[PDB]
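Shown next, in C-alpha cells, is the structure this report addresses.
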Ligand SMILES: [K+]
Ligand SMILES: [Mg+2]
Ligand SMILES: [Mg+2]
Ligand SMILES: [Mg+2]
Ligand SMILES: [Mg+2]
Ligand SMILES: [Mg+2]
Ligand SMILES: [Mg+2]
Ligand SMILES: [Mg+2]
Ligand SMILES: [Mg+2]
Ligand SMILES: [Mg+2]
Ligand SMILES: [Mg+2]
Ligand SMILES: [Mg+2]
Ligand SMILES: [Mg+2]
Ligand SMILES: [Mg+2]
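Residue numbers (the deposited numbering), protein chains in the order written: chain A, 150 to 198; chain B, 150 to 198; chain C, 2 to 137; chain D, 2 to 137; chain E, 2 to 115; chain F, 2 to 115; chain G, 2 to 115; chain H, 2 to 115; chain I, 101 to 149; chain J, 298 to 347.
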C-alpha cells in the first residue's frame, strides 16, 4: 500500500479531491539454489568416514 | 484571565481598593481538512481485501 | 457585488446553478464575484484585462493565503460588468474585478455568455463556458 | 505516469476530481493518462501533435478493441508532460503519449490548464476544459 | 590508558553592522553562559579604539576604571589576543569606531569559567 | 592520580577545485558537527581575499556585516591562524579567488563547541 | 571514544581606579578560590612598575624578596604574560604607579591550582 | 577538586628511506587509528616540495584539488607546522623529492578525531 | 454564493465564546508549610527570645 | 522516557508532520522542525491543558 498522506486544506463548498489508496507489488521470483557431490564406489568403501 | 496578583497592605477601618480580574481572548479560525477516494464496484468485488 | 434595498445592503449570490465548485489558495485578497486566474500551484489571483487569465469567479471574500472556493465552467453566475451587456454577449475579465465584452477587449474569444443583460456597474447573469490560460 | 515512495513505483491515479467519465472503444492499445481522440464511431486512438485531436484522457490500460473509460472536460487529472509547465500554462497532446504547452506546439489553443507545475517527464495536475475535433 | 577526545573550547562572539562614526560595540560577559570571556579576534571594517572598563555596578555599565588598550588603523584583523572580562569582576570591553563614517565590527573568542 | 590520554577534537575542512576568477569558497560552520569552527590553515593555488561575514538569516548567508581580513598573493599556505566562526552567531568565512584564472583552495582546522 | 568539551580556566582580575602618583595595586592570590594565579594582561592608564614579592607572613605583605620585573610607559596593554603567584608560597604582585598623577589599572588572568 | 593527569595525543609518523630523485612520500590519514592527522615536523634529507591534495575517491588518491604549500631547500627540519588531513574528507599530504638524488624523509605529528 | 460561513459569520450566527475561562499564572503557595504559623488572638503581640 | 524532568507524557512526533509550507494549501510555519542546525526546534516542553 501507498504511504499515509495529510488531508488537504479546503474552502467551504469546494469539491473534496481524490487521493485514494494506491497499490503496487514486489514480485518474488524464487531462484533454484543447487549443490552436488559425486563419490566413486571404491572411495566410499575405503574411507574411514 | 489575567495573572494572579498580590493583595494590598491596608490601614484599619480603611477603604479596600480594587485590582479585580481583567480579561482577554485567544481566537481560533479552524481550517477544513479533506480527503477523498473512489473505487469501482467491480474492483470492490474482485479485491482480496 | 452588493444589492441596495432601502437602508440595507445585501451580498449578491454569485452562484445561480452548477457544481463546478473547486478549492484554491488566494494569492491576494479576493472578493465575492471577482474573476481569477492561476498565479501559482493551486494559487489564484485577480485576472487582468485582454484574456489569457481566467479559471473562475471567487465565491466568497477571502484574505491572502486563505482557502478559496471558485465557480468554474458550467456554472451560471451573477457578476458585475464595466459596460452595457445584452443577452448573447461573450464576456471576459476587465482587470477591474469586473467583466467586459469580448467586443470591447483586445481578446477574440470569451469565458462566459450573458443570459440576462445589465447596465454598467450592475449584475448580469452569465454562464461560464471556458477557461483561459497562457498560450504565448 | 508513475509515483515514487522509496524503492516503490506506484500507478498514478489519473482522476483528481470530476464525473465526466465516458465509455469508448480502443482503436489501439492505450495506456493510463494517454490523450485520445475519435478514430471511428465511438472509437478512440492516441492523439497526434498540433491539435484537432482531443476528446479526453484514458483512465486505465486497454488492449485494442476493449472498452475505455475516458476523462473529458470538467475533470481534474494527473498527467505527464514532455516539457516544463508552470501553473496557468495551457497544454494539449504532444503526439508522444504526453502533454506539451500551446506555446511549444504549432497549435494556438489548448485542452487543459496546468494547476500544479512540473518538469519535463514529471506529473503535472491539470484541469481538462476543452475538446478538439477536425475543422478542416 | 583511559582515552578521551577534547573539544578545545566554547565559542563566543559579538558583532555589529554599520556602527556609526563615534559609536561602540559593548562586549558584555553577561552574554556568555560560563560568565567570562576571552576575546582572541577583533575584525574591524575601519579604524577602532579598544577600551577595557570596570563597572561600579554589578550588572549595568557605570565606569569605575577605563584603559584604552590599543588603536587599530584601517580595515583588518587583530588575532591571537587574550582580552579578558567577566560579570563578577564587572569587566567590559568597548570597541569604538574612529573612522569618518559607519563600519562593521566582528569580535570572537571563547568562554572561560567565572 | 587518575591518568587520561587527550586526543584533540574533530578535524574540520572545506575545499574547492577550480574555483573561477571572481568566485569563492564559503566556509560554513553548519558543516561541523559541533556547530563551530576554528580555521588554522588556508592553502591557495593563487591569490585570494579572505572575508569574515555575519548573516541576517540563521541558515543562509544574507550579508549583514563584512570585513576583508587580508589578501594573500600567489600560491602558498597560511598556517597558525585562529579564524573563528559559529552557526549560532551566524558567522561565515569567504575565501575569494582574485587570480586571473581558476585555482584550488583547501582550508583546515578544528571544530570548537558552539 | 568518550568525547569531552573543555572550558578553560577560572577567571581572575584585580583592578583600581584613580590610584595615586606613587601608590599601588596589590594583586593577592588569597582572592583566588584555587589559591594561585597566573596573570596574562596588565592594562595601565599611564606608566607603571611591575614588582613581584615574597612575604615573610602568610596573610599580609611583609616583604622578604622583591624584584622589579619591568617598567611600562604611557597608556597601554601588556598581554600574554605568565606572571605567577600563590598563597602557600606567599607571593604578591605589586603594580606601582609612576605617572606623577592618578591612573586606572586592570590586571586579568586565570586561577591555577595551589 | 578532582585532579587528572593529561598525556597528550597519539603519535603519528610516516617515513621513507632513499625516495628517488623525483618521487614522493604520500602521507595518508587512513593509517591513523582516529582517521585524522596533524603533521608538525617534516625532516628532509635534501630539497622537497610539500603538496596538499583532496581525492575524488574515498580510499585512494585521485587528485581533485592540489596546492603546493611550500618548498624546502637543503637538508633540515621544519617544526611547529599544523598541516592537517583526514580520511572522510579524503585529504592527503605529498612530500616530493626535488634534490636530483635519493633522500630520506620523516614526517611526525599526532592523531586528531575525524 | 450559497449561504456560507465567511459571508454570514456575524449576521446568521455569532463566533463561539468558550464557556470555560482559562486560568492565568498561578504563584506557588508554601508559606504555611514553610514556617511556624501562629494563629494569633491579637493583631499585635510579642514572641519572647 | 515517558517520566523525565517532572513530565509524565512523551509525545513522539514524525519529521514530516510540521508545516514547512511545501504541501499544497499548507502555508508554512515560522520555525524549522528538526535537530541538526542553528534555530532547529527539536522539542517542545509544555502543559497539556494549556
Ligand atoms: K465544460
Ligand atoms: Mg498522493
Ligand atoms: Mg471613598
Ligand atoms: Mg494590577
Ligand atoms: Mg467539478
Ligand atoms: Mg557584574
Ligand atoms: Mg558578584
Ligand atoms: Mg545560524
Ligand atoms: Mg599565605
Ligand atoms: Mg600554608
Ligand atoms: Mg576516505
Ligand atoms: Mg566516508
Ligand atoms: Mg508590643
Ligand atoms: Mg540560534
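Where is the CB? At the ideal position from N, CA and C, for every residue including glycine.
query	result
Buried/exposed call for residue 86 of chain C, threshold 16 Cβ in 10 Å	buried
Beta carbon proximity, residue 43 of chain C to chain J, threshold 7 Å	yes
Any chain D beta carbon closer than 7 Å to residue 132 of chain C	yes
Of the residues B/182, B/158 and B/193, the one placed nearest residue 163 of chain A, counting alpha carbons only	B/182
Contact set between residue 26 of chain C and chain J, taken where Cβ atoms lie within less than 7 Å	322
Terminal residues of the alpha helix (DSSP H) in which residue 68 of chain C lies	Unbroken run through residue 68 of chain C is the beta strand (DSSP E), 68-72; no alpha helix (DSSP H).
Near ligand 12: residue 59 of chain H beta-carbon under 6 Å from a heavy atom	yes
Residue 97 of chain E and residue 14 of chain E closer than 7 Å at C-beta	no
Residue nearest to residue 168 of chain B in terms of C-alpha spacing, selected from B/188, B/189, B/192 and B/157	B/157
Short CB-CB distance (under 7 Å) between residue 180 of chain B and chain A	yes
Beta-carbon separation (whole angstroms), residue 87 of chain E vs residue 12 of chain G, contact threshold 8 Å	4 Å
Any chain B beta carbon closer than 7 Å to residue 114 of chain I	no
Top-ranked residue by Cα proximity to residue 118 of chain I, from B/177, B/159 and B/187	B/177
Contact test: residue 88 of chain H Cβ vs ligand 11 heavy atom, cutoff 6 Å	yes
Nearest neighbour of residue 59 of chain D, chosen from D/4, D/122, D/99 and D/7 [CA to CA]	D/99
Beta strand (DSSP E) runs wholly inside the region 13-63 of chain C, at least 3 long, in chain order	16-18, 22-27, 36-41, 44-47 and 57-59
Residue-chain proximity (residue 4 of chain G, chain E), Cβ-Cβ < 7 Å	yes
Burial state of residue 120 of chain D (16 or more Cβ within 10 Å)	exposed
Segment contact, 8 Å Cβ cut-off, at least three pairs: the region 45-63 of chain C with the region 103-121 of chain C	yes
Run of the alpha helix (DSSP H) containing residue 190 of chain B, from where it starts to where it stops	190-195
Residue from F/113, F/109 and F/114 with nearest C-alpha to residue 55 of chain H	F/109
Cα-Cα separation between residue 123 of chain I and residue 103 of chain I, rounded to whole angstroms	37 Å
Min CB distance residue 43 of chain E to chain F below 7 Å	no
Terminal residues of the beta strand (DSSP E) in which residue 71 of chain H lies	64-73
Candidates C/24, C/56, C/130 and C/62, of which the one nearest residue 31 of chain C by Cα	C/62
Neighbour list for residue 109 of chain D in chain C, Cβ cutoff strictly below 7 Å	136
Chain F contact residues for residue 8 of chain E, given Cβ-Cβ distances below 7 Å	10, 35, 112, 113 and 114
8 Å Cβ cut-off: residues of chain F touching residue 62 of chain H	The contacting residues do not exist; residue 62 of chain H stays about 14 Å from chain F at best.
Sequence-distant residues of its chain with Cβ nearer than 6 Å to residue 44 of chain F (five each side left out)	78 and 107
Opening and closing residue of the alpha helix (DSSP H) in which residue 50 of chain F lies	First-last for residue 50 of chain F: 49-56, but that is the beta strand (DSSP E), not the alpha helix (DSSP H).
Run of the alpha helix (DSSP H) containing residue 132 of chain I, from where it starts to where it stops	131-134
Whole-angstrom C-beta distance between residue 341 of chain J and residue 304 of chain J, which should lie under 8 Å	Incorrect: roughly 11 Å between the Cβ atoms, too far for contact.
Which of helix, strand or coil DSSP assigns to residue 108 of chain I	helix
Chain-ordered neighbours of residue 65 of chain F on chain E, where CB pairs are closer than 7 Å	18
Contiguous alpha helix (DSSP H) assignments of at least 4 residues, all confined to the region 82-123 of chain D	none
Strand pairing of residue 114 of chain I, partner residues [DSSP]	The partner list for residue 114 of chain I (beta bridge, DSSP) is empty, contrary to what the question assumes.
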